[PDB]
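Only one structure is covered here, and it is reproduced in the block below.
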Amino acid sequence: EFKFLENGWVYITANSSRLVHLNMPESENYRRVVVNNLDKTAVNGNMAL
Amino acid sequence: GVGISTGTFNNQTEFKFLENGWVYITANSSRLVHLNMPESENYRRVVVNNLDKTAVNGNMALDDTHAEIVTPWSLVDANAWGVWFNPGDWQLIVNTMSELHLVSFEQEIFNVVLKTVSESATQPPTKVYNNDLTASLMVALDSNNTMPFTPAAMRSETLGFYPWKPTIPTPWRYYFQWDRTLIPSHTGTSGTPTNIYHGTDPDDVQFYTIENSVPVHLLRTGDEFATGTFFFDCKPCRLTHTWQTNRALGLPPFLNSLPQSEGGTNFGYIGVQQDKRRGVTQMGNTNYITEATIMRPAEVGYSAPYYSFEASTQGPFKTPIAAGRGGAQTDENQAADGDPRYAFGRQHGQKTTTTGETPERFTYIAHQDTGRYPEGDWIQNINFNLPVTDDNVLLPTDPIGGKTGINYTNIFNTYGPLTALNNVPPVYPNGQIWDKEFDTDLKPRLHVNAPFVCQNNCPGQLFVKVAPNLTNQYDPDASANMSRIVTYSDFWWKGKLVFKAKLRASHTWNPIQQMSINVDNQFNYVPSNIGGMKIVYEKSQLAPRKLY
Amino acid sequence: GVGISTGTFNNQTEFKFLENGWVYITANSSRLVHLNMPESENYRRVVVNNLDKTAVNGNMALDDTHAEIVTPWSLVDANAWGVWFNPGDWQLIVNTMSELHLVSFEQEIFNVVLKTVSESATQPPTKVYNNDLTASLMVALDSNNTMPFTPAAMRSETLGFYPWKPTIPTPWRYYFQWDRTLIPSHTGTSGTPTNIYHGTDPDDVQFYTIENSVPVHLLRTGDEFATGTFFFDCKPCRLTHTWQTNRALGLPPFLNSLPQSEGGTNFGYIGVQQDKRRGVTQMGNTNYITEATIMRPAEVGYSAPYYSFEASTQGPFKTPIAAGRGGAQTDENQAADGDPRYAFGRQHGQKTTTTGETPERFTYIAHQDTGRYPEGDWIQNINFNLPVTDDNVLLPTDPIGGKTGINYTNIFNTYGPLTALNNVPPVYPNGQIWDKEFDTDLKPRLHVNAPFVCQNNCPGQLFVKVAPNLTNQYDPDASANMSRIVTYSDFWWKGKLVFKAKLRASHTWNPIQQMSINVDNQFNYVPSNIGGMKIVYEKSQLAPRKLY
Amino acid sequence: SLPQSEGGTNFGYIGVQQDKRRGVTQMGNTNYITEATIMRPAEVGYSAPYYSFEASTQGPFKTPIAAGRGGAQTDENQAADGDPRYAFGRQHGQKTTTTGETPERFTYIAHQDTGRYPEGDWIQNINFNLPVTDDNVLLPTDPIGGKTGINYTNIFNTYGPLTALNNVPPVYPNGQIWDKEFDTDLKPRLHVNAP
Amino acid sequence: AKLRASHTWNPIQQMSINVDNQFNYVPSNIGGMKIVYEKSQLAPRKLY
Amino acid sequence: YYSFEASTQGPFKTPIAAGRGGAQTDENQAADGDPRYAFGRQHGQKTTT
């Protein structure tokens with residue numbers, strides 16, 4: 001919705017609606033996990049990866 | 001006072017936004033107007049008769065015979081779009097507005113300067129431009145609209161479209177009743193068709209003079225003129241176009257078989273065999289229901305005899321049409337009857353640096369699709385047997401009257417009670433803004449020249465003239481023309497034109513067409529290195545709207 | 001009317017003393033501005049491209065390519081110190097003031113005189129000047145800052161600094177967008193580097209017309225124009241300079257061995273072995289506590305890449321810096337990047353009698369010691385072994401990229417969160433007084449051209465023009481330039497500029513430096529026998545103040 | 001000297017020799033006043049080390065830059081460091097019927113001209129003797145550390161007190177709307193992900 | 001938001017549907033949708 | 001780091017507002033940016049030293 005106001009100011013109201021689909025979590029537990037892509041970075045010159 | 005200024009120069013366009021999205025658009029224009037004294041102080045009655053050109057068989061369309069009254073007065077006319085809006089303002093209007101109301105109009109003449117050209121007797125010609133502080137400028141405003149309406153935009157004679165460049169007013173003249181016969185013919189006719197000018201009917205003679213109808217004000221170098229705000233009573237103008245034809249009104253047919261993969265060759269299908277279908281048709285003797293035969297609420301647009309010339313007391317004239325052609329939008333070569341063609345000079349769009357009498361011309365292919373494609377029409381017999389045979393169908397390829405070049409669509413007219421059509425789109429910059437409604441008892445539904453039409457009145461014409469500056473030898477009984485001091489005038493003209501517009505809204509998921517500077521048209525909106533300027537034409541009804 | 005004057009000349013400077021040692025400084029300036037009609041009344045899009053100079057490899061810095069719009073309007077710019085103050089007033093200010101606030105600015109135009117030049121066809125050439133009591137001057141005030149800001153001080157095109165010498169306005173022009181590629185090269189580069197004018201980007205086109213963006217007043221001889229007072233909001237300007245570099249911030253080391261006899265070589269000693277001292281350093285691996293290593297609260301000044309040219313869509317431009325050079329105060333020959341150089345003509349300080357087109361130039365060696373001395377800098381390894389071995393120290397004598405003449409300081413930047421630096425000192429008489437803050441989301445911390453920077457807005461530019469003066473032959477449909485009567489104007493401009501200043505106090509036992517007339521500079525402040533006058537440059541931040 | 005006929009073949013001329021011109025410059029040891037050497041109020045945009053990776057406790061990360069590149073508007077292939085590249089899936093703009101793991105990608109070439117054109121930069125000695133000789137000018141064609149692919153601009157920072165730049169432009173549809181200011185004592189001047 | 005104003009003689013860059021991008025903003029025959037990127041800062045403003 | 005800038009009064013170290021990285025695990029890497037404090041008996045040194 002665009003509602004026009006004094007002196008050229010316009011008030012915009014963006015309504016958004018979605019049907020959100022949620023599955024039950026894989027596990028009820030807070031995991032602590034480390035990703036370590038040493039294999040890709042082990043190739044000299046791939047440090048940016 | 002001789003040394004006090006009587007006005008200010010304003011050419012800003014003001015947008016004042018209001019509640020509910022209504023924007024008050026005040027277009028201010030200011031010009032410097034240069035006026036020479038008239039060729040003669042007398043009202044002449046002059047008859048153009050181009051018998052030479054129309055004597056050649058087949059050239060009847062080139063008739064120019066007409067009687068007119070030529071007056072010593074000039075007309076300051078600002079009824080054109082370019083006199084008020086620059087390309088940026090027009091973009092801000094068309095791209096964002098949806099409908100436009102014409103509200104008010106006022107104009108004023110100020111800073112009157114009068115000069116006399118004293119030519120020296122020196123053998124190499126030279127002249128000195130002295131001021132004449134006692135000279136006068138005659139200004140007449142026809143607030144009562146007593147005089148004939150003579151819009152300058154039809155002749156490309158309005159004020160200039162460039163604020164900085166000075167401008168000139170057009171000499172004023174008006175038609176004078178005459179009778180004229182011109183029997184049409186063709187290359188190959190024997191003899192001479194009757195082409196004779198009968199003169200004037202006394203019952204219609206109408207000789208108008210400014211001095212006898214309008215109060216003329218005398219303005220010296222220190223005086224000023226103001227008209228007072230005039231108010232319009234016209235209908236609103238749509239800055240949107242309609243795309244739906246009769247084939248796109250109403251509920252489409254249900255597709256019993258939708259496509260299963262992407263790509264063009266994957267169409268949908270209605271499924272039900274055509275003669276087993278359901279719906280309402282105006283064809284009471286056939287079971288076939290198609291998108292071409294199904295009933296529609298009414299008819300959008302109409303066919304009219306195109307390039308049809310009708311003759312009356314004053315001779316022939318082309319029959320006007322209300323809408324343009326179809327398919328011309330995809331191929332400009334198809335631009336024909338109904339697409340207004342504008343020819344103008346260097347005051348109104350043509351590159352100021354160009355040389356030659358040739359005007360810049362362009363055809364306005366309107367965005368709305370309320371037109372017709374006559375080559376696709378056909379008639380067929382009431383039996384409606386399918387496929388239709390040669391005898392039972394009249395095609396656009398069939399000759400009328402034995403002519404291989406004239407077909408039935410040329411004489412066809414399908415205007416009816418069901419016809420729905422749209423007003424003419426504004427043309428920028430050379431289009432006329434407003435036009436006076438005919439004083440006929442029954443009036444036309446629209447005018448082809450202006451989007452706004454005047455019901456009660458619209459502002460009286462402003463006439464300017466230079467007061468006669470007599471020498472000492474003036475003898476009124478002399479037959480020769482009056483001996484006058486060579487005088488001219490420059491005065492500043494300021495006009496305020498008020499519109500009211502509504503801001504458009506986003507109705508659809510997709511974006512709409514918008515005017516925009518691009519690499520191809522970039523230089524059309526800036527001056528050249530030697531000061532060359534131009535105004536190319538811009539379309540006015542970019543955004544679409546649903547007809548139904 | 002004609003014979004009654006519309007204003008009064010005033011060029012006095014008033015000092016009004018308020019409470020608490022604040023002085024209200026009202027500088028009145030008045031000039032007799034002479035204006036001619038423009039070369040044409042058409043806006044020109046002119047592109048300049050000095051390909052011939054830049055085609056020579058190694059001359060890339062001499063690029064003058066640019067696209068601009070030239071206008072028929074002239075700018076009356078009074079944004080320069082010399083326009084308001086004479087050397088005596090500036091002496092009073094600098095000697096007795098500590099800080100200066102810019103308060104208000106108003107201006108007006110009066111005693112407008114317009115004249116026409118009737119050049120006679122007489123065989124011996126002659127020309128007579130006549131008062132045209134009906135012509136008008138066009139005056140436009142861009143109170144809304146719609147037009148591009150164009151400070152004339154950058155081109156030495158402000159009104160003159162002499163009350164008794166008539167001045168001229170500067171024709172107005174403003175940059176039009178363009179794209180330009182200039183690949184740098186050196187003497188010895190093979191082939192031709194890419195150096196081409198690419199044209200204009202449509203998304204950046206901006207064509208400003210004064211007629212469309214500002215209201216224009218028409219001033220006849222009996223008319224006057226007054227802007228009205230505008231009020232500034234800029235930050236204050238300091239008339240005191242800072243001398244403490246990082247080496248002089250804080251508590252000096254205690255001296256356990258003071259000298260026992262006077263002399264130029266009887267130094268004192270600190271008496272504590274350097275690695276046994278006490279204090280704080282930002283070296284976490286060194287026990288040496290030294291004046292060059294002890295922790296200072298922050299960094300005064302910053303190092304910048306000197307003589308660095310960066311390229312963007314419009315071509316190369318020097319990277320500006322906010323501080324001057326070090327050591328230039330003792331040897332002017334070392335004055336370099338950062339010390340602003342002003343070149344000017346006879347209207348703005350150069351001897352009014354000197355012949356030739358060569359302008360007078362001076363480099364303003366600022367008093368603030370915020371600059372750097374790149375020949376004393378060095379980088380050394382994190383280990384910090386002393387004395388530093390060659391492999392572990394990078395010196396200004398050491399090439400970068402193999403170039404013997406380019407060292408690491410040329411690409412060395414030390415601007416950081418700890419940087420502290422001062423604003424540019426006023427440059428009298430040619431310096432710009434105020435400037436407009438950039439319309440960017442992130443705004444620069446200071447400007448290198450002016451001491452005062454306008455947060456919101458500040459006075460609109462005043463444009464003057466001579467109204468068109470047509471002859472009787474004018475025909476707008478022709479391509480040729482407009483036929484005009486040779487006309488010019490002389491009008492008196494009067495401006496009032498209001499500052500607020502604080503009076504300085506003697507904080508120290510010793511006297512401070514003051515600007516004084518002496519035997520060397522005596523003849524720079526008095527006219528010559530043939531009437532010559534010059535305005536040499538004077539420094540502005542004489543008094544010192546404690547940075548910390 | 002303004003021109004007299006139309007066309008791109010006809011330019012204008014300033015008409016005053018470069019060393020005889022009037023103006024203000026920050027080059028205290030030269031007399032030339034040229035469009036490249038005249039004093040401008042401040043600096044729009046800034047040069048930053050492009051494709052620079054800095055390491056901290058958590059490892060390398062690219063140094064973000066607040067402005068786009070130059071010349072990419074004419075040649076998209078030059079779209080480079082500083083112009084965000086968005087990769088997204090079928091939920092967020094990619095064709096809903098395409099099959100494959102490959103996301104749809106685009107580089108947002110901003111309309112603003114605050115960026116830089118490093119190939120057009122050069123440093124030169126304080127003396128400023130023209131035409132500049134090889135030993136007195138550092139060019140993007142010159143190497144650093146013996147590397148033929150690295151020039152000085154790659155390691156060059158010209159952010160200063162005079163720098164003026166703009167905020168990042170909104171990117172539709174995939175651009176972030178708002179962001180949270182860092183909880184640091186000194187906060188950044190802008191964020192590169194949300195206007 | 002604030003509505004813009006016309007500051008110059010020339011028109012400015014505006015977003016617009018065209019024959020080149022026409023089908024990006026409508027579904028396909030089997031329902032294929034997409035949302036292509038569109039630039040934001042079309043209009044110019046004078047920096048100084 | 002370990003940059004010295006020269007001005008009227010001579011050279012001085014460029015101060016840095018941040019410390020080093022990896023020094024938290026190895027004090028031997030403590031360098032530019034980590035302030036070093038040297039003090040006497042009045043302010044922390046063993047008063048019997």
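By convention here, the chains of the structure tokens are called A, B, ... in the order presented, each chain's residues are numbered starting at 1, and ligands are numbered starting at 1 in the order presented.
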
Practice item. Over all C-alpha atoms, paired in order, superpose chain B onto chain C by least squares and report how large the RMSD is in Å. Key: 0.3 Å

Exercise for review: Check every residue of chain D for an atom within 9 Å of chain E, counting only C-alpha atoms, and provide those that qualify as a ChimeraX atom specification.
Suggested key: /D:90,92-98,106,108-112,169-174

Written file, previous selection with C-alpha atoms, as a compact mmCIF listing (two decimals), in the first residue's frame:
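Result file is again10.txt:
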```
# COMPACT_ATOMS: atom_id res chain seq x y z
CA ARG D 90 14.87 -21.40 -6.98
CA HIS D 92 14.86 -16.59 -4.36
CA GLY D 93 14.73 -15.87 -8.10
CA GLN D 94 16.20 -18.75 -10.09
CA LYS D 95 13.88 -20.32 -12.64
CA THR D 96 11.51 -22.58 -10.72
CA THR D 97 11.71 -25.32 -13.37
CA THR D 98 15.46 -25.65 -13.93
CA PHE D 106 24.68 -12.15 -11.02
CA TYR D 108 25.58 -6.08 -9.42
CA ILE D 109 27.32 -3.31 -11.36
CA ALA D 110 26.36 -0.19 -9.43
CA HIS D 111 25.48 3.02 -11.26
CA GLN D 112 27.60 5.16 -8.92
CA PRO D 169 22.84 0.61 -3.08
CA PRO D 170 19.91 -1.72 -2.38
CA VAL D 171 20.00 -4.95 -4.39
CA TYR D 172 16.68 -6.41 -5.47
CA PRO D 173 15.51 -9.07 -4.69
CA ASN D 174 18.37 -10.79 -2.89
```

Review point. Contacts of stretch 56-68 of chain C at 7 Å or less, counting only C-alpha atoms, minus same-chain residues fewer than 6 places along, as a count of residues only?
Key: 23

Practice item. Tell me, as an MDAnalysis selection string, which residues lie within 7 Å of residue D:46, counting only C-alpha atoms; anything in the same chain fewer than 4 positions away does not count. Key: chainID D and resid 158:159 163

Pull N, CA, C and O atoms from the residues just selected and write them as a PDB file, in the first residue's frame.
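The result, stored in part_24.pdb:
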```pdb
ATOM      1  N   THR D 158      44.460   4.689  -0.230  1.00  0.00           N
ATOM      2  CA  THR D 158      44.398   6.146  -0.251  1.00  0.00           C
ATOM      3  C   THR D 158      43.196   6.676   0.517  1.00  0.00           C
ATOM      4  O   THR D 158      42.757   7.803   0.272  1.00  0.00           O
ATOM      5  N   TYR D 159      42.652   5.887   1.435  1.00  0.00           N
ATOM      6  CA  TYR D 159      41.657   6.412   2.355  1.00  0.00           C
ATOM      7  C   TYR D 159      42.298   7.467   3.243  1.00  0.00           C
ATOM      8  O   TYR D 159      43.372   7.250   3.811  1.00  0.00           O
ATOM      9  N   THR D 163      38.346  11.769   2.183  1.00  0.00           N
ATOM     10  CA  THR D 163      37.625  10.785   1.389  1.00  0.00           C
ATOM     11  C   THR D 163      36.122  10.971   1.545  1.00  0.00           C
ATOM     12  O   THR D 163      35.613  11.095   2.664  1.00  0.00           O
TER      13      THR D 163
END
```

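Counting only C-alpha atoms, every residue of chain C that comes within 10 Å of chain E is listed here: residues 145, 146, 147, 148, 149, 150, 202, 203, 204, 205, 206, 207, 208, 209, 210, 212, 213, 435, 436, 437, 438, 439 and 440 of chain C.
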
Exercise for review: Return the neighbours of chain C among the residues of chain F, cut-off 8 Å, counting only C-alpha atoms, as a PyMOL selection string.
Suggested key: chain F and resi 1-17+30-40

With C-alpha atoms retained, could you export that selection as a compact mmCIF listing (two decimals), in the first residue's frame?
```txt
# COMPACT_ATOMS: atom_id res chain seq x y z
CA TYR F 1 54.32 -2.13 12.09
CA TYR F 2 57.55 -0.68 13.48
CA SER F 3 57.15 2.29 11.16
CA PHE F 4 58.91 5.55 12.03
CA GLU F 5 57.64 8.87 10.71
CA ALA F 6 59.71 12.05 10.72
CA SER F 7 58.63 15.64 11.24
CA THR F 8 60.06 18.92 12.52
CA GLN F 9 61.05 17.41 15.87
CA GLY F 10 62.60 14.24 14.44
CA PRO F 11 61.43 10.64 14.12
CA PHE F 12 58.80 8.79 16.12
CA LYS F 13 57.06 5.42 15.99
CA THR F 14 53.69 5.31 14.27
CA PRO F 15 51.23 4.19 16.97
CA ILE F 16 48.83 1.34 16.26
CA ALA F 17 45.44 0.88 17.91
CA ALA F 30 54.24 -10.30 21.49
CA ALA F 31 55.08 -7.35 19.25
CA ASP F 32 53.95 -3.98 17.87
CA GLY F 33 50.63 -3.03 19.45
CA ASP F 34 51.18 -4.79 22.79
CA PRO F 35 52.19 -2.05 25.26
CA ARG F 36 55.29 -2.73 27.35
CA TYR F 37 55.35 -1.20 30.83
CA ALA F 38 58.60 -0.64 32.72
CA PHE F 39 58.29 0.62 36.28
CA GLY F 40 60.07 0.93 39.61
```

**Study point:** Exercise answer, chain D residues close to chain F, 9 Å and only C-alpha atoms, as a VMD selection string
**Key:** chain D and resid 55 to 57

Residues as selected, N, CA, C and O atoms, written as a PDB file, in the first residue's frame, can you do that?
```pdb
ATOM      1  N   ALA D  55      44.744 -11.987   7.752  1.00  0.00           N
ATOM      2  CA  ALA D  55      44.607 -13.127   8.642  1.00  0.00           C
ATOM      3  C   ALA D  55      44.501 -12.656  10.083  1.00  0.00           C
ATOM      4  O   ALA D  55      45.151 -11.685  10.482  1.00  0.00           O
ATOM      5  N   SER D  56      43.673 -13.349  10.854  1.00  0.00           N
ATOM      6  CA  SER D  56      43.529 -13.091  12.279  1.00  0.00           C
ATOM      7  C   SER D  56      43.427 -14.447  12.968  1.00  0.00           C
ATOM      8  O   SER D  56      43.730 -15.490  12.378  1.00  0.00           O
ATOM      9  N   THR D  57      42.992 -14.441  14.227  1.00  0.00           N
ATOM     10  CA  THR D  57      42.922 -15.681  14.991  1.00  0.00           C
ATOM     11  C   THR D  57      42.155 -16.757  14.237  1.00  0.00           C
ATOM     12  O   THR D  57      42.517 -17.938  14.283  1.00  0.00           O
TER      13      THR D  57
END
```

Give me the residues of chain D that have any atom at most 10 Å from an atom of chain B; for each, the nearest atom pair and the distance in Å, rounded to one decimal. Use only C-alpha atoms, sort by chain and number, and format it as CSV.
```
residue,atom,partner,partner_atom,distance
D:2,CA,B:529,CA,8.2
D:3,CA,B:530,CA,6.7
D:4,CA,B:530,CA,6.3
D:5,CA,B:530,CA,6.4
D:6,CA,B:529,CA,6.1
D:7,CA,B:529,CA,7.8
D:8,CA,B:529,CA,8.9
D:10,CA,B:529,CA,8.4
D:11,CA,B:529,CA,8.1
D:12,CA,B:529,CA,8.7
D:97,CA,B:262,CA,8.8
```

Keeping only C-alpha atoms, write the selected residues as a compact mmCIF listing (two decimals), in the first residue's frame.
```txt
# COMPACT_ATOMS: atom_id res chain seq x y z
CA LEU D 2 34.55 27.58 -28.80
CA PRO D 3 33.84 25.44 -31.88
CA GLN D 4 32.05 26.58 -35.02
CA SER D 5 30.54 23.40 -36.51
CA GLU D 6 28.84 20.32 -35.11
CA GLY D 7 30.24 16.82 -34.81
CA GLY D 8 32.69 15.04 -32.55
CA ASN D 10 35.26 19.66 -33.48
CA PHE D 11 36.33 20.27 -29.89
CA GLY D 12 36.91 23.36 -27.80
CA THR D 97 11.71 -25.32 -13.37
```

**Study point:** For residue D:1: contacts at 9 Å, only C-alpha atoms, fewer than 5 positions along chain excluded, given as an NGL selection string
**Key:** :D and (12-15)

**Study point:** Long-range neighbours of residue E:16 as a ChimeraX atom specification, 8 Å cut-off, only C-alpha atoms, 5 positions minimum in chain
**Key:** /B:511-516

Within 9 Å of chain A, which residues of chain B come that close, and what is the closest atom pair and distance in Å for each? Count only C-alpha atoms and give it as JSON lines.
```
{"residue": "B:15", "atom": "CA", "partner": "A:8", "partner_atom": "CA", "distance": 8.8}
{"residue": "B:16", "atom": "CA", "partner": "A:7", "partner_atom": "CA", "distance": 7.0}
{"residue": "B:17", "atom": "CA", "partner": "A:8", "partner_atom": "CA", "distance": 5.3}
{"residue": "B:18", "atom": "CA", "partner": "A:6", "partner_atom": "CA", "distance": 6.2}
{"residue": "B:19", "atom": "CA", "partner": "A:5", "partner_atom": "CA", "distance": 5.8}
{"residue": "B:20", "atom": "CA", "partner": "A:4", "partner_atom": "CA", "distance": 5.9}
{"residue": "B:21", "atom": "CA", "partner": "A:4", "partner_atom": "CA", "distance": 5.2}
{"residue": "B:22", "atom": "CA", "partner": "A:4", "partner_atom": "CA", "distance": 8.5}
{"residue": "B:505", "atom": "CA", "partner": "A:2", "partner_atom": "CA", "distance": 7.9}
```

Can you write out the residues you just picked, keeping N, CA, C and O atoms, as a PDB file, in the first residue's frame?
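This went into result.pdb:
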```
ATOM      1  N   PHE B  15       5.414  21.014  -8.629  1.00  0.00           N
ATOM      2  CA  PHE B  15       4.600  19.854  -8.285  1.00  0.00           C
ATOM      3  C   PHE B  15       4.276  19.950  -6.801  1.00  0.00           C
ATOM      4  O   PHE B  15       5.177  19.859  -5.961  1.00  0.00           O
ATOM      5  N   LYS B  16       2.999  20.132  -6.474  1.00  0.00           N
ATOM      6  CA  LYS B  16       2.556  20.249  -5.088  1.00  0.00           C
ATOM      7  C   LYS B  16       1.699  19.033  -4.763  1.00  0.00           C
ATOM      8  O   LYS B  16       0.568  18.919  -5.239  1.00  0.00           O
ATOM      9  N   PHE B  17       2.239  18.128  -3.960  1.00  0.00           N
ATOM     10  CA  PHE B  17       1.550  16.883  -3.668  1.00  0.00           C
ATOM     11  C   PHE B  17       0.485  17.095  -2.599  1.00  0.00           C
ATOM     12  O   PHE B  17       0.637  17.919  -1.693  1.00  0.00           O
ATOM     13  N   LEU B  18      -0.602  16.338  -2.719  1.00  0.00           N
ATOM     14  CA  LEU B  18      -1.760  16.502  -1.857  1.00  0.00           C
ATOM     15  C   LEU B  18      -2.196  15.140  -1.338  1.00  0.00           C
ATOM     16  O   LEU B  18      -1.686  14.098  -1.758  1.00  0.00           O
ATOM     17  N   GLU B  19      -3.152  15.163  -0.414  1.00  0.00           N
ATOM     18  CA  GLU B  19      -3.682  13.925   0.139  1.00  0.00           C
ATOM     19  C   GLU B  19      -4.380  13.117  -0.948  1.00  0.00           C
ATOM     20  O   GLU B  19      -4.901  13.664  -1.923  1.00  0.00           O
ATOM     21  N   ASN B  20      -4.379  11.797  -0.770  1.00  0.00           N
ATOM     22  CA  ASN B  20      -4.969  10.850  -1.711  1.00  0.00           C
ATOM     23  C   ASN B  20      -4.204  10.791  -3.027  1.00  0.00           C
ATOM     24  O   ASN B  20      -4.749  10.363  -4.048  1.00  0.00           O
ATOM     25  N   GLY B  21      -2.943  11.212  -3.026  1.00  0.00           N
ATOM     26  CA  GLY B  21      -2.105  11.052  -4.196  1.00  0.00           C
ATOM     27  C   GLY B  21      -2.374  12.021  -5.320  1.00  0.00           C
ATOM     28  O   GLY B  21      -1.941  11.774  -6.449  1.00  0.00           O
ATOM     29  N   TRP B  22      -3.073  13.117  -5.052  1.00  0.00           N
ATOM     30  CA  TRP B  22      -3.328  14.114  -6.078  1.00  0.00           C
ATOM     31  C   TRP B  22      -2.232  15.169  -6.074  1.00  0.00           C
ATOM     32  O   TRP B  22      -1.867  15.705  -5.025  1.00  0.00           O
ATOM     33  N   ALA B 505      -0.604   3.650  -9.538  1.00  0.00           N
ATOM     34  CA  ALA B 505      -0.342   2.608  -8.559  1.00  0.00           C
ATOM     35  C   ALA B 505       0.090   1.341  -9.281  1.00  0.00           C
ATOM     36  O   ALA B 505      -0.150   1.170 -10.478  1.00  0.00           O
TER      37      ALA B 505
END
```

Practice item. Report as number ranges by chain: the residues of stretch 7-47 of chain F with a DSSP assignment of strand (DSSP E or B), based on the backbone of this structure. Key: F: 7, 10-13, 36-38

Take the selection from the previous step and output its residues with N, CA, C and O atoms, as a PDB file, in the first residue's frame.
```pdb
ATOM      1  N   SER F   7      59.207  14.310  11.363  1.00  0.00           N
ATOM      2  CA  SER F   7      58.627  15.639  11.245  1.00  0.00           C
ATOM      3  C   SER F   7      59.631  16.634  11.816  1.00  0.00           C
ATOM      4  O   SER F   7      60.803  16.303  12.020  1.00  0.00           O
ATOM      5  N   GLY F  10      61.847  15.460  14.613  1.00  0.00           N
ATOM      6  CA  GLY F  10      62.599  14.241  14.440  1.00  0.00           C
ATOM      7  C   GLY F  10      61.711  13.053  14.137  1.00  0.00           C
ATOM      8  O   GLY F  10      60.578  13.202  13.672  1.00  0.00           O
ATOM      9  N   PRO F  11      62.224  11.847  14.364  1.00  0.00           N
ATOM     10  CA  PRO F  11      61.430  10.643  14.118  1.00  0.00           C
ATOM     11  C   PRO F  11      60.597  10.235  15.320  1.00  0.00           C
ATOM     12  O   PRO F  11      60.835  10.663  16.452  1.00  0.00           O
ATOM     13  N   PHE F  12      59.601   9.392  15.055  1.00  0.00           N
ATOM     14  CA  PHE F  12      58.802   8.795  16.115  1.00  0.00           C
ATOM     15  C   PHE F  12      58.036   7.604  15.553  1.00  0.00           C
ATOM     16  O   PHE F  12      57.687   7.578  14.372  1.00  0.00           O
ATOM     17  N   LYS F  13      57.774   6.621  16.412  1.00  0.00           N
ATOM     18  CA  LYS F  13      57.056   5.424  15.988  1.00  0.00           C
ATOM     19  C   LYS F  13      55.609   5.773  15.659  1.00  0.00           C
ATOM     20  O   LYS F  13      54.965   6.540  16.380  1.00  0.00           O
ATOM     21  N   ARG F  36      54.323  -2.236  26.386  1.00  0.00           N
ATOM     22  CA  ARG F  36      55.294  -2.732  27.351  1.00  0.00           C
ATOM     23  C   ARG F  36      55.467  -1.684  28.436  1.00  0.00           C
ATOM     24  O   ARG F  36      55.770  -0.523  28.140  1.00  0.00           O
ATOM     25  N   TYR F  37      55.281  -2.092  29.683  1.00  0.00           N
ATOM     26  CA  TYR F  37      55.346  -1.199  30.828  1.00  0.00           C
ATOM     27  C   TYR F  37      56.581  -1.535  31.644  1.00  0.00           C
ATOM     28  O   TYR F  37      56.774  -2.694  32.029  1.00  0.00           O
ATOM     29  N   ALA F  38      57.412  -0.525  31.892  1.00  0.00           N
ATOM     30  CA  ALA F  38      58.601  -0.640  32.725  1.00  0.00           C
ATOM     31  C   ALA F  38      58.458   0.335  33.883  1.00  0.00           C
ATOM     32  O   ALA F  38      58.201   1.523  33.666  1.00  0.00           O
TER      33      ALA F  38
END
```

Point to revise | Interface, chain E side, toward chain A (12 Å; only C-alpha atoms) as a PyMOL selection string | key: chain E and resi 1-5

**Study point:** At most 10 Å to chain D: residues in chain A, only C-alpha atoms, as a ChimeraX atom specification
**Key:** /A:47-49

Once you have the residues from the selection above, write them out as a short mmCIF file (atom, residue, chain, number, x, y, z; two decimals), in the first residue's frame, restricted to N, CA, C and O atoms.
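The result, written out as again18.cif:
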```cif
data_model
loop_
_atom_site.label_atom_id
_atom_site.label_comp_id
_atom_site.auth_asym_id
_atom_site.auth_seq_id
_atom_site.Cartn_x
_atom_site.Cartn_y
_atom_site.Cartn_z
N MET A 47 44.66 -21.41 -0.58
CA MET A 47 44.31 -20.85 0.73
C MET A 47 43.05 -20.01 0.68
O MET A 47 42.34 -19.91 1.69
N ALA A 48 42.74 -19.39 -0.46
CA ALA A 48 41.53 -18.60 -0.57
C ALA A 48 40.27 -19.46 -0.50
O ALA A 48 39.18 -18.91 -0.35
N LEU A 49 40.40 -20.78 -0.62
CA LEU A 49 39.28 -21.70 -0.55
C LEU A 49 39.08 -22.28 0.85
O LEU A 49 38.59 -23.41 0.97
#
```
